[PDB]
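Each remark here refers to the structure printed beneath this line.
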Number of protein chains: 4
Amino acid sequence: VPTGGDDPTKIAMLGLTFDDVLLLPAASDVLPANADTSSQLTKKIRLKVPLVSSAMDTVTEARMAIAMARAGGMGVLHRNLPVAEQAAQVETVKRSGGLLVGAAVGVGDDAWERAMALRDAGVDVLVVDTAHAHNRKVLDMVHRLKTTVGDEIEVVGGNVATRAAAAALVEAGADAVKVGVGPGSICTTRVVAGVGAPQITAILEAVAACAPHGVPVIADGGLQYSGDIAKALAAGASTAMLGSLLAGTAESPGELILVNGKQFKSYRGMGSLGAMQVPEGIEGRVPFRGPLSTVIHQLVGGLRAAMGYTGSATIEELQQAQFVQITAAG
Amino acid sequence: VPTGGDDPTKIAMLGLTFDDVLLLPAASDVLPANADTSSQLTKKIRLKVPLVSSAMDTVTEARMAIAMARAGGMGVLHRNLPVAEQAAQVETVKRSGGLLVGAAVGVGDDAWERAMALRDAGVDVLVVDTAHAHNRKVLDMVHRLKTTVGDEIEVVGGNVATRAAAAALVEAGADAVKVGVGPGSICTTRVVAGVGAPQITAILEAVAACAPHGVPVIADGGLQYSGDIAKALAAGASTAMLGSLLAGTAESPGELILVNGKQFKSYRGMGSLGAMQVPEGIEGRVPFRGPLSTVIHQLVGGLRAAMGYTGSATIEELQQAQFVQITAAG
Amino acid sequence: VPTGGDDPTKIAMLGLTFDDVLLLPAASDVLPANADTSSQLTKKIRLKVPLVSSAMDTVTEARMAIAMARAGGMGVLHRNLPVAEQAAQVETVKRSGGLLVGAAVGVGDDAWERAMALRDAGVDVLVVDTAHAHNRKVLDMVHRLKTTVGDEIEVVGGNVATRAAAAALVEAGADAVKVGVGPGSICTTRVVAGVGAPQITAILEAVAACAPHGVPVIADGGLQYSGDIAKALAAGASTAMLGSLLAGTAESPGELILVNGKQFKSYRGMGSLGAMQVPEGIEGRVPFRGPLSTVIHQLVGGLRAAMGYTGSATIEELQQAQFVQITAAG
Amino acid sequence: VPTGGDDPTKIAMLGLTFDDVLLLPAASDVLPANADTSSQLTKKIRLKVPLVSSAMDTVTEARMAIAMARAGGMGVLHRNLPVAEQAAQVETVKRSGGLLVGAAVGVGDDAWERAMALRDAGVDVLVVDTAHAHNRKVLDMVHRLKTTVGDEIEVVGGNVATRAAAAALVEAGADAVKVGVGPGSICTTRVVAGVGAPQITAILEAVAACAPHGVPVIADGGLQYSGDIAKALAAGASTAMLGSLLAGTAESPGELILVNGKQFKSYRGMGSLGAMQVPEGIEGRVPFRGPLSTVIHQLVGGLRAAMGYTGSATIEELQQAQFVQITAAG
Ligand SMILES: O=c1[nH]cnc2c1ncn2[C@@H]1O[C@H](COP(=O)(O)O)[C@@H](O)[C@H]1O
Ligand SMILES: O=c1[nH]cnc2c1ncn2[C@@H]1O[C@H](COP(=O)(O)O)[C@@H](O)[C@H]1O
Ligand SMILES: O=c1[nH]cnc2c1ncn2[C@@H]1O[C@H](COP(=O)(O)O)[C@@H](O)[C@H]1O
Ligand SMILES: O=c1[nH]cnc2c1ncn2[C@@H]1O[C@H](COP(=O)(O)O)[C@@H](O)[C@H]1O
Ligand SMILES: Cc1n[nH]c(C)c1S(=O)(=O)Nc1ccc2c[nH]nc2c1
Ligand SMILES: Cc1n[nH]c(C)c1S(=O)(=O)Nc1ccc2c[nH]nc2c1
Ligand SMILES: Cc1n[nH]c(C)c1S(=O)(=O)Nc1ccc2c[nH]nc2c1
Ligand SMILES: Cc1n[nH]c(C)c1S(=O)(=O)Nc1ccc2c[nH]nc2c1
């Protein structure tokens, strides 16, 4: 073994991230304005725009969830607050019309009671929200929700970064699988635990387990540019979840911060000291970006451009596009 | 598949850019001063110097086109202006003697009328100027021009970054194929759409489709140093198109800008907000470089040095040179 | 041979360091709080926490050794001081209860007398401390100690970076093998001598020689984050030795230094000019980190997180985890 | 072909530089102080220290040549001065005892007359000094010198970066071959001409042509640290030529320059505008380093350390050492 030892499987794969690849152009009869950007969030739920906002307390509360749904995507309400307040935020979103909304739950002692309160409030999607879903407690939670409320509510499980973990969630009854261990902009899992998987390889592996069973993959974490959304979907994901890219918008929680003459908003990991009060997230800031509607317009515009370049009339066609791998000289 | 999934073709190639390679020296009887730098711009048109200026409104109007032709190359007049004005710039170049000139046209509603006005003004080369030529509308335009005015005017099509796209332009009747999707210094296609192809690999692939049919390849975008011109031609291109390297010259459009005691000129993508008024270009500045004649002298001097090192008496011999691939430690 | 010459063995391997890999998550029934972090320091000695402090005069004297043992690890007392003083530091550690302690010896003229004084003071572990243990003088020292005092004292040999060197120490009777040639944060062996081995590959190779004989490997040098400890153990090491990560703690030797409003402590290589008075170490500073107990808590917390993600109930299970190799885009 | 086109030989090799590799330690009975650092400069001339100073007007005139010879190496006098003055510098070196000295000549009109004046002055080594020796004019010069004065004077030819070029110089009668196209610290050949070869691969290839014929290789350019000297020799070179590493010494030409409170000396390429008055070198400065004797002591000290780590008793044994290739994470 050229990298050491006598076991070829010790280093099991070469992991690629978004910056390691570009989409290859292909023959196209598709104009960006004419592409169809709709895609499955879950087995049953299709979004007009393949984007969902992160379940984070500096990204998604009712205002963001309402704005995301109006824009054609969806928000996932964070769970760092009392059950009653989270359920009230679901109701608030529903007071603004026939808008889709999701909400995060954990696997702890109060997670089931949280899920039932969200159900009663009319939530459309429950996201079982963990850093590592390949665990009997997480799989049991997904299965029990699906068996209990799965006729009326779609159940998402995550996060995973391997084929086997994705397969386990599929077996448990997940209506979608969320992919990303380590890639988030505010994440320190890779430095604290030394654990992770580069996101393009993680998506390719998860899709190999999920697509044969008709289960969509949500690419969660590490997206920095609109072009990364196109790369995530071309790797086989059906939607992308965004934290950093949406945290600086008017509709996110938090106030404006002025630093050296420039405007910022606070953005922090849910595993940061601040959010919890051994952290696996940090607390920082991102530039202020203005209204959500305008950010989504630019992100979808980039996606539409990719669809034009690759000849993809639909997201399902984009999922079949090819990559070229690039070097550091990039 | 070591990088993920079960499909070896998902990542279709490893893309190299200029900074990934160096030309290997070889046995030489060639002195730099004695090398022949002439090369085909198109099937019928040979230039004394294998360089053409970009069709950009901060690079090529009549002054630059005149200077480029006098230097042994050619300019391609930009099309971000009324048809009458572009045709008048062609006439202005012709008032300065028997000088070659090209001009860009699009594929939109007024593109045909633009092409005919340029024809009437005495243009030598029409460049069908798109970000992605592998499209029936672009191919049809190339073919219709070739069939209509192709006895008197050479028709260039672009841009492409793949073998199949190059082959399609050849089939459509292109007299030259222009290569470059994503590599321009002011380009944001790779970050906005996530689409592109590293330029050495793009040229190698395009040449594999074009050279067997006797169609020259124009390497367009990403050239930063004179040595990059030699690399582009050794990869098989017949000429190089330059934007950034020529934008800071006296002959480019625009005035001098003084910033922190240094001199600059404005340089912007034609897909930038400023040029258009979802942008795929930015607006910036490059250092002021003085007269065009002096810049071309240094660029051709570097090319001549490469020809001496590689034993290439002609550009056709340089196209057969070999590379060594280098690492980040470079 | 693609990299030059006609001998494929001239470049014998591709060396990976900590930053080249990540641990892959795997199926887990392990909660971080419930993982067992104990591991063999030597054949006979098991630590509660798999961490030992470097034998350096800016890291380990009696205060650090006492604190490390109380925290569940061990200190190795440095040998840059008179024999009588080093032996007195061993006695000081013993005055604080039933605490494990190690101490470094060289192979020079006074090394044997040093070892016997340490023996008489009640040392538990003797570390034969060299930059390159694959040498008859070092191997003889290890063997002679083992034959003379090996019933009452565990004998560690190092350092090595190759399989053959590790095998030689095992043959000589080493109770543990310490791995690391070149990777230390204050080390200049790689720039001065041009010699070294990236630490993940060095550990994989040393473990291939040591594990079949039941001899634990101590990963020494280059660890910068808690996640690196998990990577070192997953590569097959049984403990990690830390210098930089512990040098800024209250318990290390040296006073606080104030620079530009921030607090630091001095940290220097034992091969630096300062320590010796052709240096192979430098003298610098690291941020002040507060009490040792708190640093160890965060480091072990990260290790525990890795054990949870990889489904490792014990360190022996963690040694079987798998990696993904990452690119520069990381 | 994964990198483009249909020709696997277009990219002929993967080129490694010094920073791409480390020397592997091996079993050693060698103490640094006891290693033998002597090595062949040419077929007939053996140096005590395997180092020669560059033929540059900011590195080697008589003072440096005298100091280098006294230190056990040799200087090569630059040729950017009248023939009479260069010959007088040779005589000056000879007035200081039985000291070896070399001198550069070109291949131009006055090169033969220069060589004969140097011969008459008692030069020991003539270096045919070109950027690309694979050329009939350079090969003819080497052969004619060897046939004319080769009984009394050793004739070095260079520079080369390929096996075939090295073989040609050997055939022409070279007593040593100097390797390096593009790697010099002040060199811009790689950016101006786009031509070069990473130096470890260049040495491995040149040695494959030279060693079978008993012709030593001089590694010239790109050495930044003492460890690079050990790497160059382990790749198979017999000596190293140094420019940058010696330009800041007291014995180099030029005065002290004070910039922002620090001391520097001027260092410039012989192909820079300043030296010539299309440049392939730049003009800059390097830190002042003090006496040559002290710099050589540190460089040889690093070499001696490498010999100890690799178990190399002699330079011929070091030439058989092995490498590990490292990544960017290095
Ligand atoms: O504290 C944390 N540590 C690690 N990952 C986090 C943390 N908080 C949120 N995440 C994940 O990071 C994603 C956002 O990543 P981003 O879009 O790159 O900023 C979220 O959707 C989570 O999956
Ligand atoms: O706005 C833009 N976005 C992307 N590419 C552009 C844009 N404008 C011009 N280009 C291309 O960039 C080339 C110049 O690249 P440069 O020489 O690297 O600056 C031009 O010849 C075009 O092919
Ligand atoms: O001067 C030196 N040069 C090279 N390595 C050293 C020196 N001093 C200590 N070391 C080694 O560096 C280790 C600490 O590495 P660190 O934890 O990366 O700072 C120590 O345990 C030694 O193995
Ligand atoms: O102007 C120049 N351009 C390119 N190489 C040069 C020039 N002048 C000297 N050299 C070479 O650079 C070597 C010194 O490289 P250095 O030790 O890396 O600074 C010299 O021995 C020459 O072989
Ligand atoms: C550290 C942790 N354990 N369980 C949760 C929930 C968290 S978190 O608050 O920090 N959020 C996430 C979410 C997704 C992640 C992917 N990698 N790391 C992640 C962390
Ligand atoms: C975004 C776009 N679509 N069509 C055009 C024309 C443009 S442009 O104005 O921005 N010019 C170019 C030209 C070449 C390119 C290669 N990659 N991207 C490019 C952009
Ligand atoms: C240069 C030297 N020779 N012998 C010793 C002891 C030293 S040291 O003081 O500098 N310590 C170490 C320890 C471990 C090392 C791994 N690589 N280099 C190292 C240096
Ligand atoms: C550009 C040139 N042609 N001939 C000479 C002599 C020169 S130089 O003055 O610039 N010196 C060197 C010497 C070695 C080199 C390796 N690569 N480039 C080099 C340049």
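Chain labels run A, B, ... following the order of the structure tokens; each chain numbers its residues from 1, and ligands are numbered from 1 in the order shown.
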
Can you check which residues of chain C have any atom within 9 Å of chain A? Use only C-alpha atoms and format it as a PyMOL selection string. chain C and resi 12-16+18+21-30+163+200-208+225-231+235+297-299+301-311+320-330

Quick one: pick out all strand (DSSP E) residues within range 188-240 of chain B from a backbone DSSP run and write them as a ChimeraX atom specification. /B:217-220,239-240

Excluding residue 213 in chain D and any residue of its chain fewer than 3 positions from it, enumerate the residues within 8 Å of it, using only C-alpha atoms, and give them as a ChimeraX atom specification. /D:170,209-210

Within 10 Å of residue 119 in chain B, counting only C-alpha atoms, which residues show up once you throw out same-chain ones fewer than 2 positions away? Write them as number ranges by chain, please. B: 87, 90, 103, 113-117, 121-126, 149, 152-153

Can those selected residues be exported to a file as a PDB file, in the first residue's frame so that it contains N, CA and C atoms?
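Output saved as result_14.pdb:
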ATOM      1  N   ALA B  87     -20.106  49.025 -37.303  1.00  0.00           N
ATOM      2  CA  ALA B  87     -19.758  49.021 -38.716  1.00  0.00           C
ATOM      3  C   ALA B  87     -18.842  50.198 -39.058  1.00  0.00           C
ATOM      4  N   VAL B  90     -15.281  49.332 -38.155  1.00  0.00           N
ATOM      5  CA  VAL B  90     -14.679  48.517 -39.210  1.00  0.00           C
ATOM      6  C   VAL B  90     -14.148  49.399 -40.329  1.00  0.00           C
ATOM      7  N   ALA B 103     -14.935  41.136 -36.114  1.00  0.00           N
ATOM      8  CA  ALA B 103     -15.974  41.759 -35.330  1.00  0.00           C
ATOM      9  C   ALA B 103     -16.902  40.689 -34.790  1.00  0.00           C
ATOM     10  N   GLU B 113     -28.693  41.181 -38.877  1.00  0.00           N
ATOM     11  CA  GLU B 113     -28.591  42.518 -39.443  1.00  0.00           C
ATOM     12  C   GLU B 113     -27.234  43.113 -39.092  1.00  0.00           C
ATOM     13  N   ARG B 114     -26.737  42.786 -37.903  1.00  0.00           N
ATOM     14  CA  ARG B 114     -25.411  43.242 -37.500  1.00  0.00           C
ATOM     15  C   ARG B 114     -24.350  42.652 -38.417  1.00  0.00           C
ATOM     16  N   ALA B 115     -24.411  41.338 -38.618  1.00  0.00           N
ATOM     17  CA  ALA B 115     -23.477  40.639 -39.496  1.00  0.00           C
ATOM     18  C   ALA B 115     -23.456  41.196 -40.926  1.00  0.00           C
ATOM     19  N   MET B 116     -24.630  41.545 -41.453  1.00  0.00           N
ATOM     20  CA  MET B 116     -24.693  42.072 -42.816  1.00  0.00           C
ATOM     21  C   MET B 116     -24.113  43.483 -42.918  1.00  0.00           C
ATOM     22  N   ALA B 117     -24.318  44.300 -41.889  1.00  0.00           N
ATOM     23  CA  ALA B 117     -23.719  45.630 -41.848  1.00  0.00           C
ATOM     24  C   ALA B 117     -22.191  45.543 -41.768  1.00  0.00           C
ATOM     25  N   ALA B 121     -19.295  46.708 -44.514  1.00  0.00           N
ATOM     26  CA  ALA B 121     -18.227  47.607 -44.098  1.00  0.00           C
ATOM     27  C   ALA B 121     -16.846  47.045 -44.441  1.00  0.00           C
ATOM     28  N   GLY B 122     -16.807  45.785 -44.857  1.00  0.00           N
ATOM     29  CA  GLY B 122     -15.577  45.157 -45.297  1.00  0.00           C
ATOM     30  C   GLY B 122     -14.866  44.335 -44.233  1.00  0.00           C
ATOM     31  N   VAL B 123     -15.615  43.791 -43.280  1.00  0.00           N
ATOM     32  CA  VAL B 123     -15.000  42.988 -42.228  1.00  0.00           C
ATOM     33  C   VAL B 123     -14.387  41.720 -42.834  1.00  0.00           C
ATOM     34  N   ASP B 124     -13.284  41.243 -42.255  1.00  0.00           N
ATOM     35  CA  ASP B 124     -12.617  40.044 -42.764  1.00  0.00           C
ATOM     36  C   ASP B 124     -13.058  38.774 -42.048  1.00  0.00           C
ATOM     37  N   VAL B 125     -13.388  38.925 -40.771  1.00  0.00           N
ATOM     38  CA  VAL B 125     -13.707  37.804 -39.899  1.00  0.00           C
ATOM     39  C   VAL B 125     -14.925  38.133 -39.055  1.00  0.00           C
ATOM     40  N   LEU B 126     -15.921  37.261 -39.081  1.00  0.00           N
ATOM     41  CA  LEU B 126     -17.046  37.391 -38.165  1.00  0.00           C
ATOM     42  C   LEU B 126     -16.890  36.360 -37.056  1.00  0.00           C
ATOM     43  N   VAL B 149     -22.077  34.293 -46.679  1.00  0.00           N
ATOM     44  CA  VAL B 149     -20.970  35.215 -46.929  1.00  0.00           C
ATOM     45  C   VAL B 149     -19.601  34.553 -46.850  1.00  0.00           C
ATOM     46  N   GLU B 152     -16.249  35.264 -48.895  1.00  0.00           N
ATOM     47  CA  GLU B 152     -15.535  36.522 -48.700  1.00  0.00           C
ATOM     48  C   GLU B 152     -15.141  36.792 -47.242  1.00  0.00           C
ATOM     49  N   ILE B 153     -15.753  36.062 -46.319  1.00  0.00           N
ATOM     50  CA  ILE B 153     -15.575  36.297 -44.887  1.00  0.00           C
ATOM     51  C   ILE B 153     -15.347  34.978 -44.167  1.00  0.00           C
TER      52      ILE B 153
END

Need to verify the contact set: range 71-78 of chain D, 6 Å, only C-alpha atoms, exclusion of same-chain residues closer than 6 positions in sequence. Can you return it as a ChimeraX atom specification? /D:47-49,51-53,55-57,60-61,65,101-104

Keeping C-alpha atoms for every residue in the selection just given, could you write it to a file as an mmCIF file, in the first residue's frame?
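In the end it all went to result.cif:
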data_model
loop_
_atom_site.group_PDB
_atom_site.id
_atom_site.type_symbol
_atom_site.label_atom_id
_atom_site.label_comp_id
_atom_site.auth_asym_id
_atom_site.auth_seq_id
_atom_site.Cartn_x
_atom_site.Cartn_y
_atom_site.Cartn_z
ATOM 1 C CA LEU D 47 35.971 18.474 -3.745
ATOM 2 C CA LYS D 48 36.103 18.184 0.062
ATOM 3 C CA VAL D 49 32.640 19.823 0.221
ATOM 4 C CA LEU D 51 29.296 22.840 -3.235
ATOM 5 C CA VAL D 52 30.112 25.384 -5.937
ATOM 6 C CA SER D 53 29.087 29.041 -6.196
ATOM 7 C CA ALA D 55 28.671 32.103 -12.118
ATOM 8 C CA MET D 56 26.800 35.331 -11.372
ATOM 9 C CA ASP D 57 27.992 38.922 -10.928
ATOM 10 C CA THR D 60 31.198 34.985 -7.574
ATOM 11 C CA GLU D 61 34.256 37.106 -8.229
ATOM 12 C CA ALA D 65 36.157 31.962 -5.369
ATOM 13 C CA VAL D 101 38.877 27.758 -9.586
ATOM 14 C CA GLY D 102 36.388 27.618 -12.438
ATOM 15 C CA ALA D 103 35.181 30.196 -14.905
ATOM 16 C CA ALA D 104 32.193 30.556 -17.225
#

Go ahead and compute the interatomic distance for CA of residue 33 in chain B and CA of residue 317 in chain B, in Å to one decimal. 16.0 Å

Can you check which parts of chain D lie within 9 Å of ligand 4? Per residue, the shortest pair of atoms and distance in Å to one decimal, counting only C-alpha atoms and all ligand atoms, sorted by chain and number, as CSV.
residue,atom,partner,partner_atom_place_in_ligand_line,distance
D:53,CA,ligand 4,21 (O),7.4
D:54,CA,ligand 4,21 (O),4.3
D:55,CA,ligand 4,21 (O),6.2
D:56,CA,ligand 4,9 (C),6.3
D:129,CA,ligand 4,23 (O),8.3
D:130,CA,ligand 4,23 (O),8.4
D:131,CA,ligand 4,5 (N),7.2
D:158,CA,ligand 4,23 (O),8.6
D:159,CA,ligand 4,23 (O),7.2
D:178,CA,ligand 4,23 (O),8.4
D:179,CA,ligand 4,23 (O),8.1
D:180,CA,ligand 4,23 (O),6.4
D:181,CA,ligand 4,5 (N),7.3
D:182,CA,ligand 4,4 (C),6.1
D:183,CA,ligand 4,18 (O),6.3
D:184,CA,ligand 4,18 (O),3.5
D:185,CA,ligand 4,18 (O),3.9
D:186,CA,ligand 4,19 (O),5.7
D:187,CA,ligand 4,4 (C),3.6
D:188,CA,ligand 4,3 (N),5.8
D:189,CA,ligand 4,4 (C),5.8
D:190,CA,ligand 4,4 (C),8.7
D:219,CA,ligand 4,21 (O),8.9
D:220,CA,ligand 4,21 (O),5.3
D:221,CA,ligand 4,15 (O),3.6
D:222,CA,ligand 4,18 (O),3.7
D:223,CA,ligand 4,18 (O),5.4
D:224,CA,ligand 4,18 (O),6.8
D:241,CA,ligand 4,21 (O),5.9
D:242,CA,ligand 4,17 (O),4.2
D:243,CA,ligand 4,17 (O),3.4
D:244,CA,ligand 4,19 (O),3.8
D:245,CA,ligand 4,17 (O),6.1
D:246,CA,ligand 4,17 (O),7.9
D:247,CA,ligand 4,19 (O),8.2
D:267,CA,ligand 4,19 (O),8.3
D:268,CA,ligand 4,1 (O),6.9
D:269,CA,ligand 4,1 (O),3.2
D:270,CA,ligand 4,8 (N),4.0
D:271,CA,ligand 4,1 (O),3.3
D:272,CA,ligand 4,1 (O),5.1
D:273,CA,ligand 4,1 (O),8.7
D:275,CA,ligand 4,1 (O),8.1
D:279,CA,ligand 4,1 (O),7.2
D:280,CA,ligand 4,3 (N),4.6
D:281,CA,ligand 4,1 (O),3.4
D:282,CA,ligand 4,1 (O),6.4
D:283,CA,ligand 4,1 (O),8.6

Those residues with C-alpha atoms, as a PDB file, in the first residue's frame please?
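Output contents, as saved in out.pdb:
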ATOM      1  CA  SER D  53      29.087  29.041  -6.196  1.00  0.00           C
ATOM      2  CA  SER D  54      27.064  30.302  -9.185  1.00  0.00           C
ATOM      3  CA  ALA D  55      28.671  32.103 -12.118  1.00  0.00           C
ATOM      4  CA  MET D  56      26.800  35.331 -11.372  1.00  0.00           C
ATOM      5  CA  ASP D 129      27.363  28.443 -19.515  1.00  0.00           C
ATOM      6  CA  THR D 130      24.023  28.399 -21.374  1.00  0.00           C
ATOM      7  CA  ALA D 131      20.332  28.207 -20.538  1.00  0.00           C
ATOM      8  CA  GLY D 158      24.987  22.937 -19.128  1.00  0.00           C
ATOM      9  CA  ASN D 159      22.258  23.517 -18.509  1.00  0.00           C
ATOM     10  CA  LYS D 178      24.921  20.842 -15.031  1.00  0.00           C
ATOM     11  CA  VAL D 179      21.216  20.434 -14.463  1.00  0.00           C
ATOM     12  CA  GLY D 180      18.560  23.093 -14.104  1.00  0.00           C
ATOM     13  CA  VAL D 181      16.240  24.731 -16.618  1.00  0.00           C
ATOM     14  CA  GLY D 182      13.870  27.113 -14.870  1.00  0.00           C
ATOM     15  CA  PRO D 183      14.398  26.472 -11.153  1.00  0.00           C
ATOM     16  CA  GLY D 184      16.552  29.443 -10.062  1.00  0.00           C
ATOM     17  CA  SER D 185      15.172  31.789  -7.410  1.00  0.00           C
ATOM     18  CA  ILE D 186      15.679  34.812  -9.701  1.00  0.00           C
ATOM     19  CA  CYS D 187      14.624  32.965 -12.836  1.00  0.00           C
ATOM     20  CA  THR D 188      11.594  33.862 -14.938  1.00  0.00           C
ATOM     21  CA  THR D 189      12.133  31.340 -17.744  1.00  0.00           C
ATOM     22  CA  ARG D 190       9.101  29.380 -16.543  1.00  0.00           C
ATOM     23  CA  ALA D 219      22.448  20.336  -9.460  1.00  0.00           C
ATOM     24  CA  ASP D 220      22.076  24.020 -10.301  1.00  0.00           C
ATOM     25  CA  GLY D 221      19.232  26.219  -9.089  1.00  0.00           C
ATOM     26  CA  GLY D 222      16.273  26.115  -6.735  1.00  0.00           C
ATOM     27  CA  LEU D 223      18.124  25.133  -3.557  1.00  0.00           C
ATOM     28  CA  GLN D 224      16.722  27.142  -0.628  1.00  0.00           C
ATOM     29  CA  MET D 241      25.599  24.951  -7.364  1.00  0.00           C
ATOM     30  CA  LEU D 242      24.277  27.777  -5.164  1.00  0.00           C
ATOM     31  CA  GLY D 243      23.305  31.299  -6.045  1.00  0.00           C
ATOM     32  CA  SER D 244      20.715  32.710  -3.634  1.00  0.00           C
ATOM     33  CA  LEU D 245      22.125  30.900  -0.611  1.00  0.00           C
ATOM     34  CA  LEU D 246      25.521  32.593  -1.094  1.00  0.00           C
ATOM     35  CA  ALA D 247      24.538  36.007  -2.508  1.00  0.00           C
ATOM     36  CA  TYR D 267      20.924  39.555  -6.072  1.00  0.00           C
ATOM     37  CA  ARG D 268      20.028  39.482  -9.750  1.00  0.00           C
ATOM     38  CA  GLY D 269      19.691  37.039 -12.622  1.00  0.00           C
ATOM     39  CA  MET D 270      22.308  37.211 -15.362  1.00  0.00           C
ATOM     40  CA  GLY D 271      19.343  37.412 -17.737  1.00  0.00           C
ATOM     41  CA  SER D 272      17.832  40.392 -15.913  1.00  0.00           C
ATOM     42  CA  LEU D 273      17.672  43.819 -17.552  1.00  0.00           C
ATOM     43  CA  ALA D 275      22.800  42.374 -15.844  1.00  0.00           C
ATOM     44  CA  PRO D 279      14.616  39.309 -19.791  1.00  0.00           C
ATOM     45  CA  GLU D 280      14.450  35.845 -18.237  1.00  0.00           C
ATOM     46  CA  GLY D 281      15.633  36.942 -14.821  1.00  0.00           C
ATOM     47  CA  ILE D 282      14.707  39.520 -12.189  1.00  0.00           C
ATOM     48  CA  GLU D 283      16.649  41.870  -9.915  1.00  0.00           C
TER      49      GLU D 283
END

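The two atoms in question, atom 13 (C, counted along the ligand's line) of ligand 3 and CA of residue 138 in chain C, are spaced 18.5 Å apart.
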
Between D:31, D:284, D:100, D:39, single out the one closest to ligand 7, counting only C-alpha atoms and all ligand atoms.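 Looking at the shortest contact to ligand 7, the residue is D:31.
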
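Using only C-alpha atoms, the protein and nucleic acid residues lying no more than 8 Å from residue 289 in chain A, apart from those fewer than 5 places from it along its own chain, are residues 248, 249, 250 and 295 of chain A.
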
Keeping only N, CA and C atoms, write those residues as a compact mmCIF listing (two decimals), in the first residue's frame.
# COMPACT_ATOMS: atom_id res chain seq x y z
N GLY A 248 -27.17 36.07 6.40
CA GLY A 248 -27.02 37.52 6.35
C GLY A 248 -28.20 38.26 5.76
N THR A 249 -29.34 37.58 5.60
CA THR A 249 -30.49 38.20 4.96
C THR A 249 -31.38 38.87 5.98
N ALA A 250 -32.21 39.80 5.50
CA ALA A 250 -33.10 40.55 6.37
C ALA A 250 -33.99 39.63 7.20
N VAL A 295 -31.49 37.36 -2.68
CA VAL A 295 -30.49 36.30 -2.59
C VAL A 295 -30.95 35.05 -3.34

If you count only C-alpha atoms, the residue of B:150, B:236, B:97, B:274 closest to residue 218 in chain B turns out to be B:236

Taking the backbone alone, and naming residues the way the document does, which bits of range 81-241 of chain A are helix (DSSP H, G or I) by DSSP, as a PyMOL selection string? chain A and resi 83-94+111-121+136-149+163-172+189-192+199-213+226-234
